[PDB]
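Undergrad: Got a structure for you, written out below as structure tokens; questions coming shortly.
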Amino acid sequence: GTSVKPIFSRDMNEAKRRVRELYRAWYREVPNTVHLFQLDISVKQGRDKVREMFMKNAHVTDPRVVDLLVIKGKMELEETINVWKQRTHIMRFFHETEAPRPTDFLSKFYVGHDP
Amino acid sequence: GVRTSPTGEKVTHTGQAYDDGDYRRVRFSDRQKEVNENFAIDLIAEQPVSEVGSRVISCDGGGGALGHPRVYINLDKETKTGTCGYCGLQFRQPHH
Amino acid sequence: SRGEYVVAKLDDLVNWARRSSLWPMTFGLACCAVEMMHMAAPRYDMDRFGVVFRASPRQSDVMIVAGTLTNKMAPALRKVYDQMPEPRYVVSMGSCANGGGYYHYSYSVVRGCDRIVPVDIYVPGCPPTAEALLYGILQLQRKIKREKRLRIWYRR
Amino acid sequence: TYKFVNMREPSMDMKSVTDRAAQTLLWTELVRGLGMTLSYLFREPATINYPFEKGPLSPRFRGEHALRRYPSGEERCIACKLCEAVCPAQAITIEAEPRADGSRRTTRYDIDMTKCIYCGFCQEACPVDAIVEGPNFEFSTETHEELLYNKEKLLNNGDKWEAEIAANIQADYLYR
Amino acid sequence: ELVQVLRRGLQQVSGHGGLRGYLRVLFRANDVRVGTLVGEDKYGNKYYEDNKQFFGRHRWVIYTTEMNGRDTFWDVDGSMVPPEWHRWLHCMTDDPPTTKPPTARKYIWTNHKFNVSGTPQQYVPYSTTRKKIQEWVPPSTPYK
Amino acid sequence: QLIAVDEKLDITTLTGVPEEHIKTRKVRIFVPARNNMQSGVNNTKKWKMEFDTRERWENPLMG
Amino acid sequence: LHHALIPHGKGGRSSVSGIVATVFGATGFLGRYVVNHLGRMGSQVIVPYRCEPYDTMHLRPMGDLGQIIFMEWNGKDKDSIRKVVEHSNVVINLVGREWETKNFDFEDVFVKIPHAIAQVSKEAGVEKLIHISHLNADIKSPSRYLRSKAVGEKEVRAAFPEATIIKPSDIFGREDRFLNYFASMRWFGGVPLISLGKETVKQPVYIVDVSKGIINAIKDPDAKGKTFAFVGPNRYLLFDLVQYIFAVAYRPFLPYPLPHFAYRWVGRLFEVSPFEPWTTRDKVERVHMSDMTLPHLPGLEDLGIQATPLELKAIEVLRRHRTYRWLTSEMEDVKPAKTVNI
Amino acid sequence: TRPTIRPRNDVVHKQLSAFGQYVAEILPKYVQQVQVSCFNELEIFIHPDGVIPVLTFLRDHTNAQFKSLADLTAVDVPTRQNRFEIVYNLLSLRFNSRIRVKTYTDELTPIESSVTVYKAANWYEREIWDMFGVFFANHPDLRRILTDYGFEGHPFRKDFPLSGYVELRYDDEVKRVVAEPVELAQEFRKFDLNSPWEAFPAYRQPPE
Ligand SMILES: CCCCCCCCCCCCCCCCC[C@@H](O)O[C@H](CO[C@H](O)CCCCCCCCCCCCCCC)COP(=O)(O)OCC[N+](C)(C)C
Ligand SMILES: NC(=O)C1=CN([C@@H]2O[C@H](COP(=O)(O)OP(=O)(O)OC[C@H]3O[C@@H](n4cnc5c(N)ncnc54)[C@H](OP(=O)(O)O)[C@@H]3O)[C@@H](O)[C@H]2O)C=CC1
Ligand SMILES: COC1=C(OC)C(=O)C(CC=C(C)C)=C(C)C1=O
Ligand code: SF4
Ligand code: SF4
Ligand code: SF4
Ligand SMILES: [Zn+2]
């Protein structure tokens, strides 16, 4: 039993429905975000970034964790829609000023001690 | 007691001086390297040794509560002088 | 040469006009702005030097960063710095704006406003006294007295 | 015990009613405010002529830091690191080793002045009055790096301001 | 009593050595009050007091026209005041250094320096410690 | 009512920690050894968790 | 490798990169990006300047504390160069002026100064030198600018044999004199083009690509004596490029043909400006000259850089030139131009 | 014992103990523990399900009348299975008294919003959510209050680092403020201050 209480959803199906609703809202919002914030990206890039952000935690199997993730996504969408966010906040999702970090063993061995 | 290095850089009391190879000397170009002129080791070496007529002497650094904590120094070793661990002043007993 | 003399005199005149009429933004962040107000108070009367607060960035010449700059605030400070018409000057006032100060190791504080904007003068203290801020302002005036814009243009 | 600030009732006789009507129609209280501003116009202002005149300070004033010496010229600091331990901003960095003559002395004594809150805890913690906050407060710089003091800078400040620092200490050490 | 004020102004003009000194002190310091001379620096600064003024205006300094290397006829700042007169001028004591001289020490600066920021004499920070790790020096002779 | 989850607890996606400081870190769970300079034992009563030591280098300015 | 110059950290603002670079001409269009890329990873940057220090202020937030040092230099004084390169292991030369001043001509800025810099750097012990040239540098070019470029690169190669020479083609960016220059022409009314721009081919390159290529050439041990050509991915006819520029800015495009002599006469008139000229005869010559094809030289792709097309970065330069009515238009609205490729 | 030691008021201590017994008797369904400290402060430990009934009773009862919410905050104790401790500080003007109500929760269990009981609670709950990540059910408008827009993590948690994971700076190439992983010129220096000799025998724990 494990005697746990929910936040919103009882099982993973309701959680998936909430995830789909949040994804629909973000997908609808992306073009307006590109227009209002005067972004130099395309709408396709924004929608790809939204999809990548959703896929970053596609491995979650706890409905409570999914519920909290959806709540946080709604918070971020509310920040974006009301323009509380600025252009810098929107563009932090893309990491434009960070040099790529190599992932193979040899490059890591060459640069430093970090594993 | 500042002495110059082969590159002309002044040597600090701690002894730090940039090497010829080192690139950090560029920070002093069109500017100066701050060095204190009063080497405390040479100044404390100049003080005369006090002669007292007891085996134990007390030092507080002078000025009462304006000096250092008061400590007591043993003066039994005839071939040496007692040194204050705070001030550096030296004391001894009259020999010869 | 005649041209060198003319440009030197014109540079002197323009520099005098700029430094004698210094209008800072009405802008403060934290504790240090109280000392800024005390510098505007009768005892020191910064207005007697020609220094007048103006609210709009388009009508301001100097920005005094007086208080802690947090991560939430940095884009706004940068934005009102960008909207100042040139020439413009930045004065960093207090430990917090200088290098972070008491909050240097916090997760939400910019470690010095000079990561966000270029700074002309740094005023030390937590907070600096109104007299110290007056000294820094007069130092900025003396720095403006030293620029050579027309002479350098003529030497090109 | 309490009092009311706005719990009064105006008089309703003809005399006071006409008084209030004359106040409304002839602007008496506004004239009074104008009179107060006029009175202030003819007073001597409180402004001083800086930098030729300075604001008053006290011997306890906390300014730019300095390192002090004994009358013989030997340094007072003995690298106990109490000031480093107590500093609420972690603005002091110290390294030490035995000197060539065996003395306990520092090799690094750095104060980040853009980290310092100028609380004066370091000079309270010092047991030999080696580190003090001196009376100077006019030391603004044009670059950030000029406010990162090392040991040479602090010793130079001590040698530069000792004549005033010693007199200031003489005037307050009986309160400490 | 208006004539008294006007005469006070004329004696303010006369007490600065005439019109030339009056205009010099009006354009250098923006003030033409006449005080009593307390003393003079070795750098040329002069110090005055007038106890009839209110607290804060009862002491002042007329800065010198030439300090160590720069012309200070117009460019003056509070950092040109030496420490003893600094203590007197900020009202941290009642006794001027003339009547109450400071203690003489061999290490105290004999020449005061003002704020040197922005000049070639500006302070540049550096690490004062020596090298931590010493590298191995390979031999200078061949091996075969 | 209750929902009766049957998974394993995993809050990593909610803590905001970057991916690098989750997968490449190794924490140590231990009771600290007594400081051999003192006889007191009051610092060896609890368990401690600390992360693996990473690189430290000298600052070009101020060292 | 001199222990103090061994890289440390994760390559951020407070790291050590092992690079000590002197960047001549760091107060220009390319210099700001080069200094920013060097300061991002914790390099010690030395900035020689001749201008008023007010004009070097924007370079200050580019480095950590102590990592950017400003020093005065004179282009015609050898000891200034010696003083500003005494301690560097890399020297990057970005000095150059589009127009000829009374005190400095094209030969002064593209031959004499680069040669003096190269000779002093070789004498001082600098091990890496980066020199910037033009893709169209030709000894018999109709432009004195490009002839001086060719002479200067020859002399620099003579003085510093192991130098790396980079030849870009019409760099475009926010502060560029390329895209911005075309935008400026709208105020007059029409856009005067020689032969209507139908016989000119351009291969512009993004500024960030050039800066990254320079940074990579510093870190590449194989690029010691190499010579690179930095060009964009597409080639455009001048007419199509200007039409696209005007379309992105949403301005009416009115191209009319102007004969070469008439244009030259117009260029001469503008040149008399004591300030920065709006255009010059040399600028008109270089604008209406096709970009050379040099397939025997290594390019951006040989330093790990994928060149950025103009169609992805034009909006960030041309949104400033729009009216309020078109300010919010997005990037994928203006239908990219036709490229004459192969 | 006279000059340097703080005086203790016995009469107040007796009154608070009696009122704690009173409250525990009236609400046995939720009260798990009642405590009175030696410096005269009363604490009530409740089950999370009793947040609303207990607060409502303490606000509306004639013998209670704690009509003001002085403070609401959280404390993080990682060694506990329920990580977070929720503390309500209430003040009674009618009887000139103060009371403290405590409960507990973990990362995934919401707590009922107390906004209906107290208007003042709306901001406090937002701060608890922002700093600790505790979710409050039925909040009128729950969102970040103190942290920067888009900030990730909850900084008041013991596990969160003091300096965070990212910093801000202005970048000239993109012409905006950018966020990057924290790098420090001088690392914060950790001090080990605790004495190896025990200070307070009255608080000694059994040796397990
Ligand atoms: C025709 C309409 C258009 C042009 C309008 C021009 C208006 C007339 C110009 C007004 C001239 C007055 C300015 C000079 C007053 C400065 C006084 C003196 O103090 O200046 C000193 C020296 O001044 C400068 O070195 C030079 C100033 C003047 C430069 C040359 C004059 C050029 C006049 C040419 C006019 C033509 C205009 C162009 C026409 C197109 C520096 O001292 P300062 O730092 O302040 O004070 C320190 C503060 N203390 C005293 C309290 C300690
Ligand atoms: N921009 C382009 O599209 C192309 C550029 N290049 C080359 O790139 C280099 C720079 O490009 P860009 O930055 O756009 O040119 P800029 O004119 O924008 O930068 C010029 C730099 O050179 C310096 N400079 C010019 N003349 C002198 C001088 N006489 N003495 C000292 N310093 C001087 C300027 O300093 P100050 O600010 O004091 O003048 C400035 O820092 C040039 O060599 C140019 O030929 C190559 C191909 C195309
Ligand atoms: C009267 O002119 C002044 C202001 O303009 C209204 C200010 O805002 C300020 C700043 C204080 C307010 C509350 C912003 C000062 C000090 C001032 O003198
Ligand atoms: S520097 Fe000190 S006084 Fe100024 S805002 Fe920061 S904490 Fe307040
Ligand atoms: S005054 Fe306070 S903050 Fe400054 S160095 Fe001393 S102890 Fe540290
Ligand atoms: S300055 Fe004083 S407290 Fe600090 S290390 Fe030296 S002796 Fe100890
Ligand atoms: Zn002693």
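Letters for chains follow the order of the structure tokens (A, B, ...), residue numbers begin at 1 for each chain, and ligand numbers begin at 1 in the order shown.
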What residues in chain C lie within 12 Å of chain A, counting only C-alpha atoms, written as a ChimeraX atom specification?
TA: /C:71-76,78-79
Undergrad: Using only C-alpha atoms and all ligand atoms, which residues have at least one atom no more than 8 Å from ligand 2? Output them as an MDAnalysis selection string.
TA: (chainID C and resid 156) or (chainID G and resid 24:31 49:52 55 73:76 93:98 103:104 108:110 113 132:135 149 167:172 176:178)
Undergrad: Any idea what's packed within 10 Å of residue 92 in chain A, counting only C-alpha atoms, ignoring anything in its chain fewer than 3 positions away? Could you give it as a PyMOL selection string?
TA: (chain A and resi 87-89+95-97) or (chain H and resi 150+177-180)
Undergrad: Enumerate as a VMD selection string the residues belonging to chain A that approach chain H to within 10 Å, with only C-alpha atoms taken into account.
TA: chain A and resid 4 to 8 64 to 65 67 to 68 71 to 72 74 to 76 78 to 80 84 to 93 95 to 98
Undergrad: Could the residues in this selection be saved with N, CA and C atoms as a PDB file, in the first residue's frame?
TA:
```
ATOM      1  N   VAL A   4       0.307   6.547   0.645  1.00  0.00           N
ATOM      2  CA  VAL A   4       0.674   7.880   0.182  1.00  0.00           C
ATOM      3  C   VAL A   4      -0.570   8.586  -0.340  1.00  0.00           C
ATOM      4  N   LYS A   5      -0.569   9.930  -0.229  1.00  0.00           N
ATOM      5  CA  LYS A   5      -1.666  10.737  -0.737  1.00  0.00           C
ATOM      6  C   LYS A   5      -1.233  11.504  -1.984  1.00  0.00           C
ATOM      7  N   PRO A   6      -2.155  11.801  -2.893  1.00  0.00           N
ATOM      8  CA  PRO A   6      -1.788  12.448  -4.154  1.00  0.00           C
ATOM      9  C   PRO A   6      -1.707  13.963  -4.004  1.00  0.00           C
ATOM     10  N   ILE A   7      -1.317  14.616  -5.097  1.00  0.00           N
ATOM     11  CA  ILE A   7      -1.437  16.063  -5.211  1.00  0.00           C
ATOM     12  C   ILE A   7      -2.668  16.361  -6.056  1.00  0.00           C
ATOM     13  N   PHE A   8      -2.650  15.927  -7.316  1.00  0.00           N
ATOM     14  CA  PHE A   8      -3.811  16.010  -8.193  1.00  0.00           C
ATOM     15  C   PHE A   8      -4.225  14.654  -8.737  1.00  0.00           C
ATOM     16  N   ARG A  64       3.263  11.639  -8.382  1.00  0.00           N
ATOM     17  CA  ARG A  64       3.432  12.854  -7.589  1.00  0.00           C
ATOM     18  C   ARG A  64       4.537  13.740  -8.157  1.00  0.00           C
ATOM     19  N   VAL A  65       5.650  13.133  -8.575  1.00  0.00           N
ATOM     20  CA  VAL A  65       6.731  13.900  -9.187  1.00  0.00           C
ATOM     21  C   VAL A  65       6.261  14.538 -10.486  1.00  0.00           C
ATOM     22  N   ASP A  67       3.206  15.347 -11.201  1.00  0.00           N
ATOM     23  CA  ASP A  67       2.280  16.407 -10.818  1.00  0.00           C
ATOM     24  C   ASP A  67       3.025  17.684 -10.451  1.00  0.00           C
ATOM     25  N   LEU A  68       4.083  17.556  -9.649  1.00  0.00           N
ATOM     26  CA  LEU A  68       4.854  18.735  -9.267  1.00  0.00           C
ATOM     27  C   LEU A  68       5.578  19.336 -10.467  1.00  0.00           C
ATOM     28  N   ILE A  71       3.052  21.351 -12.289  1.00  0.00           N
ATOM     29  CA  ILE A  71       2.801  22.600 -11.570  1.00  0.00           C
ATOM     30  C   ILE A  71       3.910  23.611 -11.851  1.00  0.00           C
ATOM     31  N   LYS A  72       5.163  23.154 -11.839  1.00  0.00           N
ATOM     32  CA  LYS A  72       6.282  24.042 -12.140  1.00  0.00           C
ATOM     33  C   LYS A  72       6.232  24.535 -13.582  1.00  0.00           C
ATOM     34  N   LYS A  74       3.514  24.979 -15.361  1.00  0.00           N
ATOM     35  CA  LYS A  74       2.471  25.998 -15.397  1.00  0.00           C
ATOM     36  C   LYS A  74       2.961  27.310 -14.803  1.00  0.00           C
ATOM     37  N   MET A  75       3.761  27.243 -13.736  1.00  0.00           N
ATOM     38  CA  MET A  75       4.342  28.460 -13.176  1.00  0.00           C
ATOM     39  C   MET A  75       5.222  29.172 -14.200  1.00  0.00           C
ATOM     40  N   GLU A  76       6.063  28.412 -14.902  1.00  0.00           N
ATOM     41  CA  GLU A  76       6.931  29.002 -15.916  1.00  0.00           C
ATOM     42  C   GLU A  76       6.120  29.599 -17.063  1.00  0.00           C
ATOM     43  N   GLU A  78       3.067  30.776 -16.841  1.00  0.00           N
ATOM     44  CA  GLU A  78       2.457  32.003 -16.341  1.00  0.00           C
ATOM     45  C   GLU A  78       3.461  33.147 -16.315  1.00  0.00           C
ATOM     46  N   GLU A  79       4.709  32.859 -15.944  1.00  0.00           N
ATOM     47  CA  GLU A  79       5.744  33.887 -16.002  1.00  0.00           C
ATOM     48  C   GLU A  79       5.983  34.365 -17.428  1.00  0.00           C
ATOM     49  N   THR A  80       6.001  33.456 -18.393  1.00  0.00           N
ATOM     50  CA  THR A  80       6.207  33.845 -19.789  1.00  0.00           C
ATOM     51  C   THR A  80       5.077  34.660 -20.424  1.00  0.00           C
ATOM     52  N   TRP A  84       6.571  38.723 -17.125  1.00  0.00           N
ATOM     53  CA  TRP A  84       7.356  38.940 -15.920  1.00  0.00           C
ATOM     54  C   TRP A  84       8.792  38.634 -16.309  1.00  0.00           C
ATOM     55  N   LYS A  85       8.943  37.569 -17.086  1.00  0.00           N
ATOM     56  CA  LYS A  85      10.214  37.172 -17.672  1.00  0.00           C
ATOM     57  C   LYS A  85      10.698  38.233 -18.650  1.00  0.00           C
ATOM     58  N   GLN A  86      12.010  38.317 -18.804  1.00  0.00           N
ATOM     59  CA  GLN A  86      12.641  39.199 -19.769  1.00  0.00           C
ATOM     60  C   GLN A  86      13.292  38.362 -20.861  1.00  0.00           C
ATOM     61  N   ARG A  87      13.859  39.048 -21.853  1.00  0.00           N
ATOM     62  CA  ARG A  87      14.494  38.351 -22.967  1.00  0.00           C
ATOM     63  C   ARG A  87      15.639  37.467 -22.486  1.00  0.00           C
ATOM     64  N   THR A  88      16.376  37.921 -21.470  1.00  0.00           N
ATOM     65  CA  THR A  88      17.484  37.129 -20.948  1.00  0.00           C
ATOM     66  C   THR A  88      16.993  35.823 -20.330  1.00  0.00           C
ATOM     67  N   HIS A  89      15.865  35.865 -19.617  1.00  0.00           N
ATOM     68  CA  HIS A  89      15.320  34.654 -19.012  1.00  0.00           C
ATOM     69  C   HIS A  89      14.892  33.648 -20.071  1.00  0.00           C
ATOM     70  N   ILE A  90      14.232  34.115 -21.132  1.00  0.00           N
ATOM     71  CA  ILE A  90      13.825  33.218 -22.208  1.00  0.00           C
ATOM     72  C   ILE A  90      15.047  32.623 -22.891  1.00  0.00           C
ATOM     73  N   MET A  91      16.075  33.439 -23.113  1.00  0.00           N
ATOM     74  CA  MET A  91      17.250  32.975 -23.834  1.00  0.00           C
ATOM     75  C   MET A  91      18.194  32.136 -22.983  1.00  0.00           C
ATOM     76  N   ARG A  92      18.007  32.097 -21.662  1.00  0.00           N
ATOM     77  CA  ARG A  92      18.816  31.202 -20.840  1.00  0.00           C
ATOM     78  C   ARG A  92      18.556  29.731 -21.138  1.00  0.00           C
ATOM     79  N   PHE A  93      17.429  29.400 -21.767  1.00  0.00           N
ATOM     80  CA  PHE A  93      17.156  28.012 -22.122  1.00  0.00           C
ATOM     81  C   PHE A  93      18.088  27.481 -23.203  1.00  0.00           C
ATOM     82  N   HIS A  95      21.567  28.512 -23.764  1.00  0.00           N
ATOM     83  CA  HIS A  95      22.980  28.454 -23.382  1.00  0.00           C
ATOM     84  C   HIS A  95      23.888  28.897 -24.531  1.00  0.00           C
ATOM     85  N   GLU A  96      23.684  30.137 -24.971  1.00  0.00           N
ATOM     86  CA  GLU A  96      24.370  30.647 -26.151  1.00  0.00           C
ATOM     87  C   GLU A  96      25.807  31.077 -25.895  1.00  0.00           C
ATOM     88  N   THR A  97      26.175  31.380 -24.651  1.00  0.00           N
ATOM     89  CA  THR A  97      27.513  31.867 -24.340  1.00  0.00           C
ATOM     90  C   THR A  97      28.391  30.803 -23.695  1.00  0.00           C
ATOM     91  N   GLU A  98      27.904  29.574 -23.580  1.00  0.00           N
ATOM     92  CA  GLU A  98      28.658  28.490 -22.967  1.00  0.00           C
ATOM     93  C   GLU A  98      29.357  27.680 -24.049  1.00  0.00           C
TER      94      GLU A  98
END
```
Undergrad: For chain C, which of E:125, E:56, E:97, E:142 is the closest residue, counting only C-alpha atoms?
TA: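 Using only C-alpha atoms, chain C sits closest to E:56.
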Undergrad: Throw together the list of residues within 9 Å of ligand 4, counting only C-alpha atoms and all ligand atoms, and drop it here as a PDB file with C-alpha atoms, in the first residue's frame.
TA:
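Saved as pocket.pdb:
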```
ATOM      1  CA  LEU C  29      19.025  50.020  -4.119  1.00  0.00           C
ATOM      2  CA  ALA C  30      19.764  49.556  -0.416  1.00  0.00           C
ATOM      3  CA  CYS C  31      21.434  51.072   2.691  1.00  0.00           C
ATOM      4  CA  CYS C  32      23.815  53.187   0.595  1.00  0.00           C
ATOM      5  CA  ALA C  33      20.986  55.286  -0.839  1.00  0.00           C
ATOM      6  CA  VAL C  34      20.304  56.658   2.654  1.00  0.00           C
ATOM      7  CA  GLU C  35      23.824  58.099   2.658  1.00  0.00           C
ATOM      8  CA  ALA C  66      24.044  52.491  -4.250  1.00  0.00           C
ATOM      9  CA  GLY C  67      23.249  49.106  -2.737  1.00  0.00           C
ATOM     10  CA  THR C  68      23.326  45.395  -3.413  1.00  0.00           C
ATOM     11  CA  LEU C  69      22.762  44.222  -6.979  1.00  0.00           C
ATOM     12  CA  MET C  93      29.115  53.037  -4.128  1.00  0.00           C
ATOM     13  CA  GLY C  94      29.506  50.622  -1.228  1.00  0.00           C
ATOM     14  CA  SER C  95      30.991  47.179  -0.680  1.00  0.00           C
ATOM     15  CA  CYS C  96      27.936  45.446  -2.141  1.00  0.00           C
ATOM     16  CA  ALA C  97      28.178  47.217  -5.498  1.00  0.00           C
ATOM     17  CA  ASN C  98      31.988  47.091  -5.426  1.00  0.00           C
ATOM     18  CA  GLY C 100      29.413  41.890  -3.286  1.00  0.00           C
ATOM     19  CA  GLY C 101      30.398  42.765   0.269  1.00  0.00           C
ATOM     20  CA  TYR C 102      28.576  40.930   3.064  1.00  0.00           C
ATOM     21  CA  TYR C 103      26.603  38.904   0.485  1.00  0.00           C
ATOM     22  CA  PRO C 124      34.587  52.104  -0.403  1.00  0.00           C
ATOM     23  CA  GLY C 125      32.610  51.670   2.794  1.00  0.00           C
ATOM     24  CA  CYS C 126      29.552  49.920   4.267  1.00  0.00           C
ATOM     25  CA  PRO C 127      28.112  52.469   3.836  1.00  0.00           C
ATOM     26  CA  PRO C 128      30.522  55.199   2.765  1.00  0.00           C
TER      27      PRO C 128
ATOM     28  CA  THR D 114      35.159  45.281  -1.518  1.00  0.00           C
ATOM     29  CA  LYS D 115      34.238  42.416   0.825  1.00  0.00           C
ATOM     30  CA  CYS D 116      34.774  44.304   4.088  1.00  0.00           C
ATOM     31  CA  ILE D 117      31.733  45.634   5.952  1.00  0.00           C
ATOM     32  CA  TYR D 118      33.902  47.925   8.126  1.00  0.00           C
TER      33      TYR D 118
END
```
Undergrad: I'd like to know which residues of chain F are helix (DSSP H, G or I) (by DSSP, run on the backbone); could you write them as a list in words?
TA: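 Helix (DSSP H, G or I) members of chain F, listed: residues 12, 13, 14, 20, 21, 22 and 23 of chain F.
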Undergrad: Just write the chosen residues, C-alpha atoms, as a PDB file, in the first residue's frame.
TA:
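This went into result12.pdb:
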```pdb
ATOM      1  CA  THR F  12      16.297  14.565  -8.529  1.00  0.00           C
ATOM      2  CA  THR F  13      14.171  16.192 -11.247  1.00  0.00           C
ATOM      3  CA  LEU F  14      12.688  18.576  -8.652  1.00  0.00           C
ATOM      4  CA  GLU F  20      26.810  16.853 -13.871  1.00  0.00           C
ATOM      5  CA  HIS F  21      26.590  17.216 -10.080  1.00  0.00           C
ATOM      6  CA  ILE F  22      24.285  14.181  -9.752  1.00  0.00           C
ATOM      7  CA  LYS F  23      25.862  11.407 -11.833  1.00  0.00           C
TER       8      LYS F  23
END
```
Undergrad: Can you work out which residues are within 9 Å of ligand 5, considering only C-alpha atoms and all ligand atoms, and then hand them over as a PyMOL selection string?
TA: (chain C and resi 101-102) or (chain D and resi 62-63+65+83-92+111-113+115-125+131-133)
Undergrad: Please save C-alpha atoms of the selected residues as a tab-separated table (two decimals), in the first residue's frame.
TA:
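Dumped to selection-v3.tsv:
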```tsv
chain	number	residue	atom	x	y	z
C	101	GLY	CA	30.40	42.77	0.27
C	102	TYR	CA	28.58	40.93	3.06
D	62	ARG	CA	36.17	53.30	11.64
D	63	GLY	CA	38.03	54.04	8.41
D	65	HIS	CA	42.63	49.66	7.70
D	83	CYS	CA	40.96	38.64	12.92
D	84	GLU	CA	40.67	36.16	10.05
D	85	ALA	CA	38.52	33.87	12.20
D	86	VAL	CA	36.16	36.59	13.44
D	87	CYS	CA	35.71	38.54	10.19
D	88	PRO	CA	32.00	38.28	9.25
D	89	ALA	CA	32.70	38.85	5.54
D	90	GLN	CA	35.72	36.51	5.13
D	91	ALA	CA	37.68	39.49	3.81
D	92	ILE	CA	41.04	38.65	5.44
D	111	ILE	CA	42.15	42.45	3.02
D	112	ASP	CA	39.53	42.56	0.27
D	113	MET	CA	38.07	46.03	0.83
D	115	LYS	CA	34.24	42.42	0.82
D	116	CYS	CA	34.77	44.30	4.09
D	117	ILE	CA	31.73	45.63	5.95
D	118	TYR	CA	33.90	47.92	8.13
D	119	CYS	CA	32.47	46.48	11.34
D	120	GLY	CA	35.72	46.77	13.30
D	121	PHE	CA	35.59	43.22	14.66
D	122	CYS	CA	39.16	42.54	13.56
D	123	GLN	CA	40.60	45.30	15.74
D	124	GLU	CA	38.57	44.14	18.74
D	125	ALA	CA	39.82	40.59	18.26
D	131	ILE	CA	45.25	45.66	12.87
D	132	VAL	CA	43.17	48.83	13.24
D	133	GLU	CA	40.62	50.84	11.29
```
Undergrad: Show me, as a count of residues only, every residue of chain E with an atom at most 10 Å from chain F, counting only C-alpha atoms.
TA: 5
